Amino acid sequence: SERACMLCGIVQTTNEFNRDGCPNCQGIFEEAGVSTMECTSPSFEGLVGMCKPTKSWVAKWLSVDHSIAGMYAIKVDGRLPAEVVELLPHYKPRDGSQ
Amino acid sequence: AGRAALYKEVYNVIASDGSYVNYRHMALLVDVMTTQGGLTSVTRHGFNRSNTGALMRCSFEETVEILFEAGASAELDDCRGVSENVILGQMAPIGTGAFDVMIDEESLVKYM
Amino acid sequence: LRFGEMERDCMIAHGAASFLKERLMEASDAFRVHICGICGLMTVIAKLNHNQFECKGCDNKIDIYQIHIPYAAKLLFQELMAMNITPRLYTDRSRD
Amino acid sequence: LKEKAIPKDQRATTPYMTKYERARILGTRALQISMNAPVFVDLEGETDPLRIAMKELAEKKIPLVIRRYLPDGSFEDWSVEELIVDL
Amino acid sequence: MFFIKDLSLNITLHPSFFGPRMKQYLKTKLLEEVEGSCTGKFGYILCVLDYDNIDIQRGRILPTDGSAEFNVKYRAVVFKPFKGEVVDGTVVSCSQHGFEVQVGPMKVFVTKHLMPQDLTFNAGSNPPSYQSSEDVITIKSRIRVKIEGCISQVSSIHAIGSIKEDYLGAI
Amino acid sequence: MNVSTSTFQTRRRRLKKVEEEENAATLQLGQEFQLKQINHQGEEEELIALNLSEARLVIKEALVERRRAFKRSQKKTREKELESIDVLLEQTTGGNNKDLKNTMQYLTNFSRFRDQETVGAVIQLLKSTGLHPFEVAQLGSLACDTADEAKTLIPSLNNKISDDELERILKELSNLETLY
Amino acid sequence: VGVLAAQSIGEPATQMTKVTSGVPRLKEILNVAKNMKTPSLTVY
Amino acid sequence: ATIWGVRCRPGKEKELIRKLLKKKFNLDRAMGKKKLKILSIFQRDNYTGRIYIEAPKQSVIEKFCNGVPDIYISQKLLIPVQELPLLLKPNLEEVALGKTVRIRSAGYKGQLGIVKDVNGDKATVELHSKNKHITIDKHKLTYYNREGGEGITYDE
Amino acid sequence: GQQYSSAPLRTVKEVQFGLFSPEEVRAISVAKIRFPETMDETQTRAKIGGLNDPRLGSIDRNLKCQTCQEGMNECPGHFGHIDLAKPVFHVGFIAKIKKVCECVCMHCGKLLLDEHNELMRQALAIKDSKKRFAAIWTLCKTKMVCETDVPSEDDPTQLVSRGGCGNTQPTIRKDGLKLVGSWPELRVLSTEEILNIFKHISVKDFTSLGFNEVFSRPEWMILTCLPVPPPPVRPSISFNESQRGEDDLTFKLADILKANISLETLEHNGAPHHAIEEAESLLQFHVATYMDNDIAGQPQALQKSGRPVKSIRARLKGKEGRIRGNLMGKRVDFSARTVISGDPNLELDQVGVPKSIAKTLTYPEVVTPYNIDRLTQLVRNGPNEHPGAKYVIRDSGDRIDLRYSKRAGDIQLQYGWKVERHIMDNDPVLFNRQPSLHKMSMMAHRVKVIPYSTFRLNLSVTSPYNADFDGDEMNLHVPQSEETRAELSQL
RNA sequence: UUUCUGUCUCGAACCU
DNA sequence: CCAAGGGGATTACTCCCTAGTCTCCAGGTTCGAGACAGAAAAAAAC
Ligand SMILES: [Mg+2]
Ligand SMILES: [Zn+2]
Ligand SMILES: [Zn+2]
Ligand SMILES: [Zn+2]
């Protein structure tokens, strides 16, 4: 059921992903022309529920301090779409690769 | 004087109930308990702290501790003793293993 | 039946060393143990059917000795080698 | 090394036979006779190997010797014929 | 290499064999056990000397078994090869890899890379032979080889040899 | 494997791994091969060596002694000596043991001395040298003609015998070779 | 000898029924104890 | 940072996180301005049986985790500041046998028995009267069918 | 087992003790163990690589060990080994590790003292290993720094450069299964550093302590490669086929292997250095409870059923333990126990034996011309009546059962054979009363076969036995050899 | 003409 | 001049106090209950 976003790590239930997906990266998915189900992956890990990404040092470590409070996964298996990868040069893989 | 007084105590405690034991048994008891410099107590910490065979020593109270000390200090357990020969299941030099038995090739040939 | 410590003592007093040997080896449990001369360990891969004797780990094929010991003594030694202690058994005297 | 061995002279152990030596010798002769060794004495119908052994010891016709181990490893070498089995 | 050393062996004999002839019996068995044997540790045991004066040490009755263990002391002539000594032998058999040379009770193998340039194989003769510019190696020919390595098996010894230095080969 | 053979040198071989020295010609002998050997009666003497002829001679003395013992027990020029040796060995052993046969052929056909007096004389002359028994056995057994050839034969024996005494022993051996 | 001494000293101990005596005293003797229940001294 | 690791029951860690957040969100929905100060909570699969939580003071985690099963609030420890980049790095992890018989020339005559074994010429019978086994020659026993009646001698 | 071997037959007459090296264990092991599951995977018993690996020993009557091909009767079991991913303290020697650490430098690996101290020379004069180590350690506790030089007796001002590190030596304290060192920057001493310093100890240095270079160096006092017992040391037990329970030791071994594979994965993958610390602590704890279940101030390992797990220390520990319960005193056949009754019509040295007990107990008598007729008669009679035998041992060594052989009379007793004839009258048999308080409580008596269910013994022999016929029971041991009979009759 | 089963482990009660 | 002289301020040892091991006969005989159990994932096949 529940899945994790490959791009930035947000975790929500399958119904929530069908409803709105990633509000943090809905724009990036819309430009890249890829829906959320293909960017999300079933195997994930490191699920931190951030309430204050601006002040939290964990959010700075995981590069999510600029976004809104919620789930963010340190490890999200799979390979993000190449189109999104080129659209995000500063993005680096969250599964330890590269 | 310690050996003499100790024999005197053992004689007293034995003869209190009227039983008589031969002197040489008490003498051996005190002499083993005094063969070292001081009084080797017949205890976990006494005679079994001496330097006999490790397999003999381990059969008394501290088994595994003495075996570890034997492994660390690399003791050559003598096998001249009862408990080690019993552990090995061979004729301990008790009274019958105190010698060997041979064949007179000489006299076996001399008669015939 | 069992041959307790006290009865072992009584036989030790009697002097029947042959009795004790027979009673604690042949009548109880006798195990043949091949050992290597260099190491003196129970590590001999004895193929009596093929008569092929070797203690690998010392490379020898010629200096191998059987002993008769109780299975309890065998398996004490196995526990000691499981517990990082060496039961070593040899063909000589050194102190003399 | 033979130097530990004592020659036939200068032996300090008792010629009088010990009960343990007697018992071992009777047993050893008993195995030998029970397993078809030659018998050194005329047999008057005796059939128990222990009895045959006692008879041979009585006549001092037992071909056996004893190394009498001195506790240092040396030994005194004593023949059954010469060992005075008094008891 | 043909020396005399004092050794000793323990022989296990049965109560059943205690007549006055047990000595001649024990001896036939001694020769049975030592004549023709070989060991890595001591080498090849070729013969036993001074039979009539062998000091037979006295036996040992086993503590519970009836058997008698006699440790027999004796001196004997043994042979054992060492790397680098040069010895002579006879060709016993040929093949494409070289030829085996019989030296005493052992065979010496001369590998192809340690053989002279000018000396090579030739199967036009029956049996195949080896020819050189100044030498002729064949079955019935005596040759001098240097032992380079020894391999000791359970009941055998093997030697590897070479022929390169001066005065070696056909003699 | 089988009943091995014992030895008198009660070395300190307790637990020791493979530490055997190399076996080469440079006097780095094995653990048994000291210059000093133990005796029958606990005595210590030097290792004794012998040439091929002395080896065959002691073998023959042993064999004829065995034949005399066997007879007592049951009582109550390259063409003839070889046959005598052959029939002696056949009468001695059963025949299945070829090992003695092959060795005896190997020794008969390229030994040099044949006489007790000659082999005795050789050993008396080598006694004065006092060199190492294996090495003197080599000088008495293998044939040499020049100092350089001898030294490359036995690189160990380089600064042990000077040239003149080396040549004397060489020509003496060459003269003492028997003409068959 | 030693086992003989052991049995001969232990046999009266089992049938063993002022100063201390009996099995408590024998245990005290063999287990050389610095503390002593009823130490005594006889000065002539 | 302030990061404390708490022992918990192995294998259920995600269920613990999900329950903890649902409690937190319900607490936020019920509570107004003054919310609980829990910066975030997470777990680790391969270091199973353990949770990591950030919060300023221990009383916050106590007042959060009261009533939460399968967490050992008593068992908590400081994570060192130097240890955090390595913890948060992305790249981690015989027909006569058995027959009724009657004995005929012996002291046990007229007695039923059951043949147990036959060693040849001598049959062992357990007596159908006495708690004892007896050997007796099988020829001299009269055998009976499964029920009583006619007695047949040894001719079968 | 029984089979014609070829190595020399002899007895052991020494036991040298020591510790294995990991190289020794690797050399001696026949198989490497890496899979914690023991068997039952894919429904094949031969689980290659796991516990109970068939190369270690035959788990059943398969007739094939595949290391020796000897069958379970004869195969002595062959040791496995497991390279632990990090070195582990050995519980028995942990105090000795502490003592050596107080004795030597933790960096330069040299004894804090040397022959330049008079107290140290006097300590070193002691010949005995144990007392010498005790003196060395009592002298080395006081020093708390690896000094770079000592005053020399030649002049006070001139000092000798004895060498070594300059650092201060820690005070070491015991916390559970680990050593903490305080310099105070307190920290747990890593087993890696302790192993490295032990290996760096010099030869004279540790030989000066109670160690030897071939027997046991302090370096191998720490466990880097655990040897695993073969199946004969860890036999399975079974309700029926459906439920087979493995041994406590097998479960501890599997648990250790799970801890080690987890630690190896944690090493190979990302290494946080605190979870690896936790896994190292767990694996040390598991090895510790495996080898010793009586740690001071630490919880005992509990088995799946909640009782304490049976460790090797426990299997050697007490009276039930192996030394006192299977070696000093053990069990034996050819024996009987039953009630005793008085009997004044019996000779003093005679003892009455029930007919049944005589029928079961046997003496192996060898066939000679001197008893061939009586032995053939006994065999013909067979085991059912008293004068007779049960077994006939031929020359090849195989036993034939006379009760199951119907051609018993047809068997001819060739020579050298044996028969297990029932004990007849006038047979020496030891007679013992179980409270063997003293020497005369075990005496050899002559059998008198006597038809009844109770041992009868002469009344005057009740005093040395301390017997009373008030429900007492006594113990009859039948000798099995001519030596044994001769000893019992003459001694 | 087809045979050498098979156990542990925690206790309880009783006998000498 | 002198000859001690009381500590400075560390050495050196010495001698006394609390917390942790490891028992506590020599044996037999029957008798009984217990080999967690819960839960979820992979595989079977109605
Ligand atoms: Mg009573
Ligand atoms: Zn070995
Ligand atoms: Zn095997
Ligand atoms: Zn230092």
# chains A, B, ... in the order shown; residues from 1 in each chain; ligands from 1
>>> residues_near_ligand(ligand="ligand 4", cutoff="6 Å", atoms="only C-alpha atoms (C1' of nucleotides) and all ligand atoms", output="compact mmCIF listing (two decimals) with N, CA and C atoms, in the first residue's frame")
# COMPACT_ATOMS: atom_id res chain seq x y z
N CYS I 105 53.23 -2.67 28.64
CA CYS I 105 52.82 -1.45 27.98
C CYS I 105 51.70 -1.73 26.98
N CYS I 108 53.99 0.01 23.42
CA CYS I 108 55.27 -0.58 23.05
C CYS I 108 55.37 -2.07 23.37
N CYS I 146 55.09 3.76 31.15
CA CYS I 146 56.22 3.09 30.51
C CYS I 146 57.40 4.05 30.58
N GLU I 147 58.22 3.90 31.61
CA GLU I 147 59.38 4.77 31.76
C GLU I 147 60.36 4.55 30.61
N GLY I 164 61.56 1.87 24.89
CA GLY I 164 60.12 1.70 24.94
C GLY I 164 59.38 3.03 24.95
N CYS I 165 58.06 2.91 24.88
CA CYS I 165 57.18 4.06 24.85
C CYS I 165 57.31 4.87 26.13
N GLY I 166 56.83 6.11 26.07
CA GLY I 166 56.81 7.01 27.21
C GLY I 166 55.46 7.21 27.85
>>> residues_around(residues="residue 108 in chain B", least_positions_apart="4", cutoff="10 Å", atoms="only C-alpha atoms (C1' of nucleotides)", output="list in words")
residues 103, 104 and 112 of chain B; 40, 61, 62, 63 and 64 of chain D; 18, 19 and 20 of chain E
>>> write_last_selection(atoms="C-alpha atoms", output="mmCIF file, in the first residue's frame")
data_model
loop_
_atom_site.group_PDB
_atom_site.id
_atom_site.type_symbol
_atom_site.label_atom_id
_atom_site.label_comp_id
_atom_site.auth_asym_id
_atom_site.auth_seq_id
_atom_site.Cartn_x
_atom_site.Cartn_y
_atom_site.Cartn_z
ATOM 1 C CA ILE B 103 59.894 -62.544 29.476
ATOM 2 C CA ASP B 104 63.135 -64.218 30.501
ATOM 3 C CA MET B 112 64.258 -76.249 26.833
ATOM 4 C CA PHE D 40 56.423 -75.262 32.480
ATOM 5 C CA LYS D 61 59.299 -72.074 37.129
ATOM 6 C CA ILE D 62 57.827 -68.804 35.845
ATOM 7 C CA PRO D 63 59.784 -67.153 32.991
ATOM 8 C CA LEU D 64 58.989 -63.562 33.977
ATOM 9 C CA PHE E 18 56.213 -68.659 23.327
ATOM 10 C CA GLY E 19 58.092 -71.872 22.503
ATOM 11 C CA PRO E 20 61.901 -71.772 22.362
#
>>> interface_residues(of="chain D", to="chain F", cutoff="12 Å", atoms="only C-alpha atoms", output="MDAnalysis selection string")
chainID D and resid 1:5
>>> interface_residues(of="chain D", to="chain E", cutoff="7 Å", atoms="only C-alpha atoms", output="ChimeraX atom specification")
/D:31-32,35-38
>>> residues_around(residues="range 129-140 of chain F", least_positions_apart="6", cutoff="6 Å", atoms="only C-alpha atoms (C1' of nucleotides)", output="JSON, numbers by chain")
{"F": [48, 49, 50, 51]}
>>> write_last_selection(atoms="C-alpha atoms", output="CSV table (one decimal), in the first residue's frame")
chain,number,residue,atom,x,y,z
F,48,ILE,CA,81.0,-43.4,10.7
F,49,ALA,CA,80.9,-43.6,6.9
F,50,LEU,CA,82.1,-46.1,4.4
F,51,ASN,CA,82.8,-46.5,0.7
>>> select_by_dssp(residues="chain C", states="alpha helix (DSSP H)", output="JSON, numbers by chain")
{"C": [5, 6, 7, 8, 9, 10, 11, 12, 13, 14, 17, 18, 19, 20, 21, 71, 72, 73, 74, 75, 76, 77, 78, 79, 80, 81, 82]}
>>> write_last_selection(atoms="N, CA, C and O atoms", output="compact mmCIF listing (two decimals), in the first residue's frame")
# COMPACT_ATOMS: atom_id res chain seq x y z
N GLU C 5 33.20 -42.49 42.97
CA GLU C 5 34.51 -42.04 43.42
C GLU C 5 34.98 -42.83 44.63
O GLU C 5 36.16 -43.19 44.73
N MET C 6 34.07 -43.10 45.57
CA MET C 6 34.44 -43.84 46.77
C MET C 6 34.91 -45.25 46.42
O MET C 6 35.86 -45.76 47.00
N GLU C 7 34.23 -45.89 45.48
CA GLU C 7 34.62 -47.25 45.11
C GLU C 7 35.91 -47.24 44.30
O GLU C 7 36.73 -48.16 44.42
N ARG C 8 36.12 -46.21 43.48
CA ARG C 8 37.43 -46.02 42.87
C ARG C 8 38.51 -45.95 43.94
O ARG C 8 39.54 -46.59 43.82
N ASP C 9 38.26 -45.18 45.00
CA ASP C 9 39.20 -45.13 46.11
C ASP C 9 39.42 -46.50 46.71
O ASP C 9 40.55 -46.84 47.08
N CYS C 10 38.36 -47.27 46.92
CA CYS C 10 38.54 -48.57 47.55
C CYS C 10 39.42 -49.46 46.70
O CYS C 10 40.27 -50.19 47.22
N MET C 11 39.27 -49.38 45.38
CA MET C 11 40.12 -50.19 44.51
C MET C 11 41.55 -49.67 44.50
O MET C 11 42.50 -50.45 44.44
N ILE C 12 41.71 -48.35 44.51
CA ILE C 12 43.03 -47.75 44.60
C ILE C 12 43.73 -48.24 45.86
O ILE C 12 44.91 -48.60 45.83
N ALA C 13 43.00 -48.32 46.97
CA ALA C 13 43.57 -48.86 48.20
C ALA C 13 43.91 -50.33 48.04
O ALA C 13 44.94 -50.80 48.54
N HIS C 14 43.04 -51.08 47.36
CA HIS C 14 43.27 -52.51 47.20
C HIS C 14 44.54 -52.77 46.41
O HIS C 14 45.27 -53.74 46.68
N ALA C 17 45.06 -52.47 40.20
CA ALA C 17 45.15 -51.57 39.06
C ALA C 17 44.60 -52.22 37.81
O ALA C 17 43.96 -51.55 36.99
N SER C 18 44.84 -53.52 37.63
CA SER C 18 44.25 -54.22 36.50
C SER C 18 42.74 -54.21 36.59
O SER C 18 42.05 -54.05 35.57
N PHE C 19 42.20 -54.38 37.79
CA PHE C 19 40.75 -54.34 37.97
C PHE C 19 40.20 -52.99 37.55
O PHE C 19 39.21 -52.91 36.82
N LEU C 20 40.82 -51.90 38.02
CA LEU C 20 40.33 -50.57 37.69
C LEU C 20 40.44 -50.31 36.20
O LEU C 20 39.52 -49.74 35.59
N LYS C 21 41.56 -50.70 35.58
CA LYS C 21 41.70 -50.48 34.15
C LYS C 21 40.63 -51.24 33.39
O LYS C 21 39.92 -50.65 32.58
N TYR C 71 35.51 -43.23 26.02
CA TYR C 71 34.80 -42.24 25.24
C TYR C 71 34.54 -40.98 26.03
O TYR C 71 34.53 -39.88 25.47
N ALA C 72 34.33 -41.10 27.34
CA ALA C 72 34.16 -39.90 28.15
C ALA C 72 35.43 -39.06 28.14
O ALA C 72 35.36 -37.83 28.10
N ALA C 73 36.61 -39.71 28.19
CA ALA C 73 37.86 -38.96 28.14
C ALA C 73 38.09 -38.35 26.76
O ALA C 73 38.54 -37.20 26.65
N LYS C 74 37.79 -39.12 25.71
CA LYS C 74 37.76 -38.57 24.36
C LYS C 74 36.95 -37.30 24.30
O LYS C 74 37.38 -36.30 23.73
N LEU C 75 35.74 -37.35 24.84
CA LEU C 75 34.79 -36.29 24.58
C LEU C 75 35.01 -35.13 25.54
O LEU C 75 34.73 -33.97 25.20
N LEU C 76 35.63 -35.39 26.69
CA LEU C 76 36.26 -34.32 27.45
C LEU C 76 37.31 -33.60 26.62
O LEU C 76 37.37 -32.37 26.61
N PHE C 77 38.18 -34.36 25.95
CA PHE C 77 39.21 -33.71 25.15
C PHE C 77 38.58 -32.91 24.02
O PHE C 77 39.02 -31.80 23.73
N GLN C 78 37.54 -33.45 23.39
CA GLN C 78 36.85 -32.71 22.34
C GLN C 78 36.28 -31.41 22.88
O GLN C 78 36.36 -30.37 22.22
N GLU C 79 35.69 -31.44 24.08
CA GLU C 79 35.19 -30.19 24.66
C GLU C 79 36.33 -29.22 24.94
O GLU C 79 36.17 -28.01 24.74
N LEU C 80 37.47 -29.71 25.40
CA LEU C 80 38.59 -28.81 25.65
C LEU C 80 39.09 -28.17 24.36
O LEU C 80 39.37 -26.96 24.33
N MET C 81 39.20 -28.94 23.28
CA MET C 81 39.53 -28.34 21.99
C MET C 81 38.43 -27.44 21.46
O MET C 81 38.71 -26.56 20.64
N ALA C 82 37.19 -27.63 21.89
CA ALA C 82 36.13 -26.67 21.59
C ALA C 82 36.24 -25.41 22.42
O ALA C 82 35.65 -24.39 22.07
>>> residues_around(residues="residue 130 in chain I", least_positions_apart="2", cutoff="8 Å", atoms="only C-alpha atoms (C1' of nucleotides)", output="PyMOL selection string")
(chain B and resi 73) or (chain I and resi 128+132-134+210)
>>> closest_atom_pairs(of="chain I", to="ligand 3", cutoff="6 Å", atoms="only C-alpha atoms and all ligand atoms", output="tab-separated table")
residue	atom	partner	partner_atom_place_in_ligand_line	distance
I:57	CA	ligand 3	1 (Zn)	5.4
I:65	CA	ligand 3	1 (Zn)	4.7
I:66	CA	ligand 3	1 (Zn)	6.0
I:67	CA	ligand 3	1 (Zn)	3.8
I:68	CA	ligand 3	1 (Zn)	3.4
I:69	CA	ligand 3	1 (Zn)	5.7
I:75	CA	ligand 3	1 (Zn)	5.1
>>> residues_near_ligand(ligand="ligand 1", cutoff="6 Å", atoms="only C-alpha atoms (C1' of nucleotides) and all ligand atoms", output="PyMOL selection string")
(chain I and resi 467-470+472) or (chain J and resi 16)
>>> residues_near_ligand(ligand="ligand 2", cutoff="10 Å", atoms="only C-alpha atoms (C1' of nucleotides) and all ligand atoms", output="compact mmCIF listing (two decimals) with N, CA, C and O atoms, in the first residue's frame")
# COMPACT_ATOMS: atom_id res chain seq x y z
N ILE C 35 46.20 -40.58 16.94
CA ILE C 35 46.76 -39.27 17.21
C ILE C 35 48.03 -39.10 16.40
O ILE C 35 48.69 -40.09 16.05
N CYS C 36 48.37 -37.85 16.11
CA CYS C 36 49.58 -37.50 15.38
C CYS C 36 50.71 -37.23 16.37
O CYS C 36 50.50 -36.66 17.44
N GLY C 37 51.92 -37.67 16.01
CA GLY C 37 53.03 -37.49 16.93
C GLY C 37 53.40 -36.04 17.15
O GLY C 37 53.71 -35.63 18.27
N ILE C 38 53.41 -35.25 16.08
CA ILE C 38 53.90 -33.88 16.19
C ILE C 38 52.96 -33.04 17.04
O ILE C 38 53.39 -32.33 17.95
N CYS C 39 51.66 -33.13 16.77
CA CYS C 39 50.66 -32.35 17.49
C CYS C 39 50.09 -33.06 18.70
O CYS C 39 49.81 -32.41 19.70
N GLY C 40 49.92 -34.38 18.63
CA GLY C 40 49.27 -35.10 19.71
C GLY C 40 47.81 -34.75 19.88
O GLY C 40 47.31 -34.72 21.01
N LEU C 41 47.11 -34.51 18.78
CA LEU C 41 45.70 -34.17 18.78
C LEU C 41 44.88 -35.24 18.07
O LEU C 41 45.38 -36.04 17.28
N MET C 42 43.59 -35.22 18.38
CA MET C 42 42.63 -36.14 17.80
C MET C 42 42.19 -35.67 16.42
O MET C 42 41.01 -35.41 16.19
N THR C 43 43.14 -35.55 15.50
CA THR C 43 42.88 -34.97 14.19
C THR C 43 43.32 -35.89 13.08
O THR C 43 43.64 -35.42 11.98
N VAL C 44 43.35 -37.20 13.33
CA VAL C 44 43.86 -38.16 12.36
C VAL C 44 42.68 -38.67 11.55
O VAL C 44 41.70 -39.17 12.11
N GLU C 54 46.59 -40.13 8.13
CA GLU C 54 47.16 -38.80 7.93
C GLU C 54 46.57 -37.85 8.96
O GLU C 54 45.38 -37.89 9.23
N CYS C 55 47.42 -36.98 9.50
CA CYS C 55 46.99 -35.83 10.29
C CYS C 55 47.29 -34.59 9.46
O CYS C 55 48.37 -34.01 9.56
N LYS C 56 46.33 -34.19 8.63
CA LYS C 56 46.49 -32.96 7.87
C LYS C 56 46.56 -31.80 8.85
O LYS C 56 45.94 -31.83 9.92
N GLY C 57 47.33 -30.79 8.49
CA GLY C 57 47.70 -29.73 9.39
C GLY C 57 49.06 -29.93 10.05
O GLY C 57 49.60 -28.98 10.62
N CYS C 58 49.59 -31.14 9.99
CA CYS C 58 50.99 -31.41 10.28
C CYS C 58 51.71 -32.11 9.14
O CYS C 58 52.91 -32.36 9.25
N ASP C 59 51.00 -32.47 8.06
CA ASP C 59 51.55 -32.97 6.80
C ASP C 59 52.11 -34.38 6.89
O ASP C 59 52.60 -34.91 5.89
N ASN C 60 52.03 -35.03 8.05
CA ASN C 60 52.63 -36.35 8.23
C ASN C 60 51.67 -37.41 7.72
O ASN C 60 50.46 -37.20 7.69
N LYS C 61 52.23 -38.56 7.33
CA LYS C 61 51.46 -39.75 7.03
C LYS C 61 52.03 -40.98 7.72
O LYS C 61 51.46 -42.07 7.58
N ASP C 63 53.68 -40.98 11.21
CA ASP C 63 53.93 -40.94 12.65
C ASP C 63 52.57 -40.76 13.32
O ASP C 63 52.21 -39.67 13.78
N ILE C 64 51.86 -41.88 13.46
CA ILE C 64 50.47 -41.92 13.87
C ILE C 64 50.35 -43.08 14.84
O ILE C 64 50.91 -44.15 14.59
N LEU F 15 55.19 -30.13 19.99
CA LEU F 15 54.28 -29.19 19.32
C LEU F 15 54.88 -28.44 18.15
O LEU F 15 54.16 -27.68 17.49
N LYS F 16 56.16 -28.63 17.86
CA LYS F 16 56.83 -27.74 16.94
C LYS F 16 56.32 -27.97 15.53
O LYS F 16 56.13 -29.11 15.09
N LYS F 17 56.07 -26.87 14.82
CA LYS F 17 55.58 -26.94 13.46
C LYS F 17 56.70 -27.42 12.55
O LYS F 17 57.78 -27.80 13.00
N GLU I 24 46.47 -22.82 13.82
CA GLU I 24 46.30 -24.23 14.14
C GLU I 24 44.87 -24.68 13.91
O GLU I 24 44.63 -25.76 13.36
N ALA I 27 44.20 -24.94 10.26
CA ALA I 27 44.87 -26.09 9.68
C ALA I 27 44.17 -27.38 10.04
O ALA I 27 44.10 -28.31 9.22
N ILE I 28 43.62 -27.46 11.25
CA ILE I 28 43.07 -28.71 11.74
C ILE I 28 41.64 -28.91 11.26
O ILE I 28 41.21 -30.06 11.08
>>> residues_around(residues="range 11-21 of chain A", least_positions_apart="5", cutoff="12 Å", atoms="only C-alpha atoms (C1' of nucleotides)", output="PyMOL selection string")
(chain A and resi 1-6+26-30+34-50+69-76) or (chain H and resi 18)
>>> write_last_selection(atoms="C-alpha atoms", output="short mmCIF file (atom, residue, chain, number, x, y, z; two decimals), in the first residue's frame")
data_model
loop_
_atom_site.label_atom_id
_atom_site.label_comp_id
_atom_site.auth_asym_id
_atom_site.auth_seq_id
_atom_site.Cartn_x
_atom_site.Cartn_y
_atom_site.Cartn_z
CA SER A 1 0.00 0.00 0.00
CA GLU A 2 2.15 2.83 1.35
CA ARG A 3 5.07 4.00 -0.81
CA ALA A 4 7.99 6.47 -0.67
CA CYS A 5 9.00 9.15 -3.16
CA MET A 6 12.29 8.49 -4.97
CA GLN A 26 4.19 18.26 -7.62
CA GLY A 27 5.57 21.07 -9.77
CA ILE A 28 8.75 19.17 -10.65
CA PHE A 29 6.75 16.07 -11.59
CA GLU A 30 4.42 18.24 -13.68
CA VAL A 34 6.00 11.73 -14.96
CA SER A 35 3.23 10.73 -12.58
CA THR A 36 3.81 9.96 -8.91
CA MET A 37 3.22 6.20 -8.97
CA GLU A 38 6.27 5.55 -11.16
CA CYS A 39 8.49 7.86 -9.07
CA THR A 40 7.44 6.20 -5.79
CA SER A 41 8.94 2.89 -4.68
CA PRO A 42 7.81 0.18 -2.21
CA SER A 43 11.14 -0.45 -0.48
CA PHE A 44 12.17 2.60 1.55
CA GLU A 45 13.91 3.39 4.80
CA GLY A 46 14.84 6.22 7.15
CA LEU A 47 11.41 7.76 7.62
CA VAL A 48 11.75 10.99 9.60
CA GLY A 49 8.63 13.00 10.39
CA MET A 50 10.03 16.51 10.36
CA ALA A 69 7.09 19.45 7.45
CA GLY A 70 6.21 15.79 6.97
CA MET A 71 7.61 12.41 6.02
CA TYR A 72 11.01 12.24 4.33
CA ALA A 73 12.90 9.00 3.69
CA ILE A 74 16.70 8.76 3.87
CA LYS A 75 16.77 5.60 1.73
CA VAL A 76 14.37 5.16 -1.21
CA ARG H 18 3.16 4.83 12.51
#
>>> closest_residue(among="B:107, B:12, B:70, B:77", to="residue 90 in chain C", atoms="only C-alpha atoms")
B:77
>>> closest_atom_pairs(of="range 384-464 of chain I", to="range 2-7 of chain J", cutoff="12 Å", atoms="only C-alpha atoms (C1' of nucleotides)", output="CSV")
residue,atom,partner,partner_atom,distance
I:399,CA,J:4,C1',11.2
I:400,CA,J:4,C1',11.7
I:401,CA,J:4,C1',10.9
I:404,CA,J:3,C1',10.2
>>> select_by_dssp(residues="chain F", states="strand (DSSP E)", output="PyMOL selection string")
chain F and resi 36-38+44-46
>>> residues_around(residues="range 16-18 of chain G", least_positions_apart="4", cutoff="9 Å", atoms="only C-alpha atoms (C1' of nucleotides)", output="PyMOL selection string")
(chain B and resi 14+16-17+19) or (chain G and resi 11-12+22-23+38)
